[PDB]
Amino acid sequence: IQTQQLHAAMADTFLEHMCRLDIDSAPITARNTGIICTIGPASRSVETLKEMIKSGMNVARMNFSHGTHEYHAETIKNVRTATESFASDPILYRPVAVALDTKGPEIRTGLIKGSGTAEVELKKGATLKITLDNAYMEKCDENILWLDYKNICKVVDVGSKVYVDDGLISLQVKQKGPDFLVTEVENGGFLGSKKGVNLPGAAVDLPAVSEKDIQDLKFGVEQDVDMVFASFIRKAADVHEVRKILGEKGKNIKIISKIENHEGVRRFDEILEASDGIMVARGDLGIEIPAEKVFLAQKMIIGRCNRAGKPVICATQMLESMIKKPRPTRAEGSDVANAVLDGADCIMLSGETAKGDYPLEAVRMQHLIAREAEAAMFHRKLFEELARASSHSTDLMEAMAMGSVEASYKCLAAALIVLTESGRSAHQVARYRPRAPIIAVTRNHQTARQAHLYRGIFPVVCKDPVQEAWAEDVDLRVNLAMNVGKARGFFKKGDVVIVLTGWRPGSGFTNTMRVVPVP
Amino acid sequence: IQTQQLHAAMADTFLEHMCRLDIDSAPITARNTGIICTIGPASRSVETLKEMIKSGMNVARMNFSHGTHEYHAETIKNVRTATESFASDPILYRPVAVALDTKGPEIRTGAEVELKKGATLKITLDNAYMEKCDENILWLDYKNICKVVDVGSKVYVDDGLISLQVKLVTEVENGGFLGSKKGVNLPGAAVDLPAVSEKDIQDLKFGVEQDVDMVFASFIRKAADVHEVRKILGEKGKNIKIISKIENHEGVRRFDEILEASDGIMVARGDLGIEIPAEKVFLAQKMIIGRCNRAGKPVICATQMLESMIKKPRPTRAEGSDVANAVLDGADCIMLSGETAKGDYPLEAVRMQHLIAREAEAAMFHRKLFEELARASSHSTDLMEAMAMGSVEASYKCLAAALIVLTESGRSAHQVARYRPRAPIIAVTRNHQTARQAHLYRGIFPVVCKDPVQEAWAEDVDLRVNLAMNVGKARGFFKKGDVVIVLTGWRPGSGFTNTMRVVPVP
Amino acid sequence: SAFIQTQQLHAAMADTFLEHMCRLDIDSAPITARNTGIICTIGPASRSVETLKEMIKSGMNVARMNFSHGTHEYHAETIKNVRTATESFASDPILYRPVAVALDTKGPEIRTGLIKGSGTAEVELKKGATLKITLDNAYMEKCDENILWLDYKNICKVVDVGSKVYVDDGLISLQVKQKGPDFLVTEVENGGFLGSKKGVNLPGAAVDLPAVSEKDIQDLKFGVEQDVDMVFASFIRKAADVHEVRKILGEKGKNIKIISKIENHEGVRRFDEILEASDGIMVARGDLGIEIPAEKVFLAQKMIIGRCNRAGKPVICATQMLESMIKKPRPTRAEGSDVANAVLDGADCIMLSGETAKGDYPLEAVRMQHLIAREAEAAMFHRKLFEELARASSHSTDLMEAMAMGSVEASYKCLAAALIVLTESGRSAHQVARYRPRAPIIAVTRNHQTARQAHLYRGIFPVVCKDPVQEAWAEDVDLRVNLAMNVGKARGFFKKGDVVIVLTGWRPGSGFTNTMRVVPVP
Ligand SMILES: Nc1ncnc2c1ncn2[C@@H]1O[C@H](COP(=O)(O)OP(=O)(O)O)[C@@H](O)[C@H]1O
Ligand SMILES: C/C(=C\P(=O)(O)O)C(=O)O
Ligand SMILES: C/C(=C\P(=O)(O)O)C(=O)O
Ligand SMILES: [K+]
Ligand SMILES: [K+]
Ligand SMILES: [K+]
Ligand SMILES: [Mn+2]
Ligand SMILES: [Mn+2]
Ligand SMILES: [Mn+2]
Ligand SMILES: [Mn+2]
Ligand SMILES: [Mn+2]
């Protein structure tokens, strides 16, 4: 039996491709889909983070809708301490990116019983009072719930629904007062701290960038984060404001715009143009729009990102049941697989790693599913259709990238080795979707961390001095990639790899492609 | 904004089709994917069943893994009572099918105990421990177990929630709260239990007496297992559809011979994802649905599709995408198990499957699907496939609001459904069982004709076509002056729908 | 019998265009029916009644009367002979073939004057010499190697310095070096002997000659009196030219088909508006290859045929298809290839000019077109072609298209031997032909002109019904279907127990064939 679904790869039609998928065709060792993990109470110790990294985490997401600056600064330091504990073996060291996820124009509840991790059970049919009175900001419980949108009474009426925590709990407004709402719990569930609140259709008036957003973005720059996940982006102008806040000092921080309401979907094209990448933020998106339409938004957005070559993240509830169970549901296995098949560069865990009982198992499960689904992609058709979509561009690096991926298909190469400093050369390869892993070797450590945003880029940090002869410096870096792929089991001596390098030090892209045997 | 994802429908590539998907393009009213609901404590009252029918339930599944014949007979009676309460109005009456899901060669065990990781547990076949099960000695009813498990292999208990490794003397690899009569899987074991036990024969014969429409047969491993079920159902049960459940490695490996012998297939993902690595289930699901689509045989996607709605009135984001992707994959029907059998929100679960299916149905890439289906069957020159293809082709070209099919065996309508129009297929039949079994097929909206046969063939055809016209208007599938494709027999003995017309709605 | 190779059906099953080509099989036998219409220019070699009887038996569907030469009396007699020869077969309604009459107009022309006053004198033009073109009528009988008069008074408004002027069917070519108000100083690029009263071509110019000459206006009215079926309209450059021809034909000629001849750069550039206004197109490769560089003609041919195929409007490939058969009983290998590639390109009809008007082998030329066309028709890649035609027309939701697409699709799936189409205007059968079944389309009609005009469409085999209308509609439909059944059996298109697709109207008033049946041949 051909490994890597290579019998399905040769199919002529999509139907035949599907009919050839074979549970006994082994996937390869390399896993191309980036894994992004929300770090919080369950996952922020140095010891757990070491195991997260070993289980496959590539990006640590800090959610600034929770915690304080000091809380997230300590989480981040632990991420970097854990990451650097593997630096004593540069062949095995994995770069780990740090992402800051913004509050944005959102509504949040307060602290249950003065704690960011406390919860209470709401009973169906019980009464629950919402108050605006800051005396209760840190004193929420099963009777009294505070939230931070001072104008809420002007946008809801008796009979309105108030949804808490991505639609988990629905509250029906029964009475209104000057700074309170008396509601009835329409369905039971557990209410925790600082939960999002959605009032779908209602005219919530909040700025693209709040004063708290400005302080969090500035903290991101101070902390040297690699990327910002900008919540509730609704138009290109919002991205521009975020980029302005990040300023000259933060000019290389990637802005990933989160699509999570109707307007972000309807203005998607201008948002993508202005952003460095996209998150399909299904948590909010699936209570802001009809839940049966989210999959339409997801495949549209992933496809248009693939077309532009810009990273796209699929997020939220992918393995939700694993918050409490050590194995996922069948719908959850299917969801991760299909997001990889849709074309997502990265997949993400939220509660599964931030607060659940099985954070390592959730990471490990995303790793296993992603590898299976990567082999089950229909690469030959995908490449043809991406090439068609980009054909107005005659860009030279795109040409090198398409030529290299094409060669990698024909000779079934075990990897593409790319030498890159800004990352661009490796990004353009990733965009044309080889099945083999892309080992990107860079002396730019931030380039290495940000590469996790792209399907199939396995970044490697070169810490050696720059050799006097350009040809020897190229070889030193190619040989580093060679030793990494051997150590990771991506290939062995005598396999064939594609190697992308710059011809001269002054080439500003990898204009040189070789097929070489592994030494 | 064109409705029904029609902009995406005209794309040239799959990538472009996805990039054109539009949350503001409204789906049509008709919903083509059959909805199968397991009936249990939460849903077996006559009053709840009526709402299940209103909410979109097409097939009532009785799970014989549990409950007595008396229990299930009463469930079936209530299903029929709720169904017939709508028979007053023949224009609005929905036929509802009854399916019997066999127990099969299950392995079960004999309050609560706790098994903890690393603890050593002994698996006894000594019947004295049949009811003396604790965290040290566990009794299971598979008495050939020790001949089929090697040392070191894994033993899975309780829906896969616990794991053990044979050192039977075993070590708990990951433990939990252990109960009575819990499911047990031996993946990578060549389980020799018979596909049909004496209990299964009792249940199958009971299904024949209860006039069920279809059997979902558990743990089918080979064509011979299907043949044995067919044998048991016998001559009296000969028109009962056999749906083979694929739920272990051998069933996947031998899938082609199983499909050949079966009337249809269930992807039984619950057990399947215990028997094989859970990360491989989607490969099996897509392979099986695709191969059923090629053959034109019904395929059901099953298990945990909306699992969280057992306790919550709205589903997770993964559950939404799972239902949608099963429809895009090609499943004829989707199923609910605990969500309707015992959960807190059975009506909402049914309604959510209805809502997601309609959206996903519009998002199918019909032009390419048709081409590829036509390609895969091109060695066949069958006349009714030719009528079906020409009719679906015509329905794409003029954006017909429906295909009306007069059928008595259902065969003409099944061949239309196999080529996957986007418009609903209103199948008018006088054969009540044909009407109920048609729910197994994507897009067939069965309509039972109770009128006597007219002396004049032309007039009897007109009577049945006008009944479909009235149904479709009442249900909002079309209105006067829309266009429909109508498929009939030219003469009483024609043998299939050899006549196709484009007809305006009156 | 799955091992018997017929109709290139193994190549039909290929997945790619390359694999389809790799599967073409000289030992895969074609069917009897030949779908590409054959248009023959009638002339001194083919004009007699007895020769025309043999032309019809060899495969002629359309007789082309070329009004560039001959008087009205001459053409009346040719037309008369065509109808005598056609009707001599009318005693067997099962075998009778309708035969259309086409009028091909002379059209507007540009001509030079007399060399030294003499119809027979010539001068040598030398490459690099200077030659002045003048409009001064003083020189119209005094042309020579220094002064050439021509009769197109607006020539200086439509050409410029650097423009080419071609003389005598492209024999001589001239480059404008200087332009005055009523003269052109040219240099000879390609020399030759220049005679009297020769044709002139202006490559790339927007020639503003009228759409029809005064001779054309009289010829067109004559054609209405002669009851011609179609007009091949010369030198069509824009939609306005088509409308003018339509105006002249007027109310009495409103059912005559107008086929626009594309002959020069402007007509290719404005093709889309010409197509919309026309009933069909002729790729007039002779004059087109004078007007545009000959190595570009195949581009225009494949473009025009493709765009006609997309619209469902008839297209003719014309000129020098079997040229060497003017003098030889067998064609060259390039000629066999040319005919076959025109059919693969999508042409509804192919045409003979000199080969039938004046050559030594008119019957052999007709027979060879029939043979090649049958072979190339099976070698089409119908599955891909139908998919691409359906894609191109998908903005139309037209009901008759839907029936035609469904009917052709069914005919592919069950390898039907024919489609039977009952039609009065032709429209229902035209829509079926548009979607390119491999099986012949037997179109039964009571309208004799519909039957003759149907030859413009690939695959339509028209059949005239002469039986009185039956009072019961079902009986009248059955009568016509059974006639198609007897025609197809007599011609060997099918035999008892083969399957055919049958397109009829459900009721007398249905307006198109809204009813499709798969039917066994009785
Ligand atoms: N930094 C944190 N501190 C405490 N709890 C957190 C933190 N990050 C996440 N969580 C918990 O995990 C849940 C899911 O994580 P996430 O999806 O990032 O949050 P949300 O959906 O609330 O924006 C949160 O609602 C919160 O209960
Ligand atoms: C549906 C199914 C069979 P059962 O629920 O009877 O174990 C499964 O395993 O998915
Ligand atoms: C037929 C034709 C045009 P004309 O009839 O003007 O010679 C041609 O040149 O191909
Ligand atoms: K956030
Ligand atoms: K069962
Ligand atoms: K002429
Ligand atoms: Mn979240
Ligand atoms: Mn959000
Ligand atoms: Mn099962
Ligand atoms: Mn010519
Ligand atoms: Mn001409």
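Chain A is the first sequence line, chain B the second, and so forth, proteins listed ahead of strands; every chain is numbered from 1.
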Can you tell me which of [options] forms the most heavy-atom pairs within a distance under 4.5 Å of chain A?
| options | result |
| --- | --- |
| B:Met18, B:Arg314, B:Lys311 | B:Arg314 |
| B:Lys280, B:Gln304, B:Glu279, B:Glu372 | B:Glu372 |
| B:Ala8, B:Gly160, B:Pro315 | B:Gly160 |
| B:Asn293, B:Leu369, B:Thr316 | B:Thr316 |
| B:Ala362, B:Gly273, B:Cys292 | B:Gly273 |
| B:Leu161, B:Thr303, B:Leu306 | B:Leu161 |

Is the closest side-chain heavy-atom distance between B:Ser321 and A:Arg282 below 4.5 Å?
yes
Measure [X] against the heavy atoms of chain A and call it side chain, backbone, both or neither at under 4.5 Å.
| X | result |
| --- | --- |
| B:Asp344 | neither |
| B:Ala360 | both |
| B:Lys312 | side chain |
| B:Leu272 | neither |
| B:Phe365 | neither |
| B:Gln5 | side chain |
| B:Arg317 | both |
| B:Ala284 | both |

Steps toward salt bridge (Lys or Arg N to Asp or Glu O under 4.0 Å) verdict (A:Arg388, B:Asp12)
CA-CA 10 Å; A:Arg388 170 180 174 279; B:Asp12 275 305; 3.7 Å; yes
Does atom CD (A:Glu273) have a neighbourhood of more than 12 heavy atoms from anything else shown, all under 6.0 Å?
no
Residue A:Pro27 versus chain B: region with a heavy atom under 4.5 Å
side chain
Within this structure, what is the [atom1]-[atom2] distance for the pair [X] and [Y], rounded to the nearest 0.5 Å?
| X | Y | atom1 | atom2 | result |
| --- | --- | --- | --- | --- |
| A:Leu21 | B:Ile288 | CG | CD1 | 11.0 Å |
| B:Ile23 | A:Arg266 | CD1 | CZ | 5.5 Å |
| B:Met287 | A:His17 | CE | NE2 | 13.0 Å |
| B:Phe14 | A:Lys299 | CZ | NZ | 9.5 Å |
| A:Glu361 | B:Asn174 | CD | CG | 9.0 Å |
| B:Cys19 | A:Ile302 | SG | CD1 | 10.5 Å |

Residue pair A:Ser321, B:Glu307: steps toward the side-chain contact (heavy atoms from CB on, under 4.5 Å) verdict:
CA-CA 9 Å; A:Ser321 78; B:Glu307 186 78 350; over 6 Å; no
Given the options [options], which has more heavy-atom pairs under 4.5 Å with chain B than any of the others?
| options | result |
| --- | --- |
| A:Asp22, A:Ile289, A:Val294 | A:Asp22 |
| A:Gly333, A:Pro326, A:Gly283 | A:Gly283 |
| A:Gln298, A:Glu332, A:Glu372 | A:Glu372 |

Between B:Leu15 and A:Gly303 the two heavy atoms that sit nearest each other are CD1-O, 3.7 Å
Non-hydrogen atoms of B:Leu283 and A:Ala376 that approach each other most closely
CD2-CB, 3.6 Å
Which is it for B:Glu16 and A:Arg307 under the salt bridge (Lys or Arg N to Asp or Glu O under 4.0 Å) test, yes or no, and what are the steps along the way?
CA-CA 9 Å; B:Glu16 182 168 80; A:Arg307 217 164 57 169; 5.4 Å; no
Regarding A:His262 and B:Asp24, is there a side-chain donor-to-acceptor distance under 3.5 Å anywhere?
no
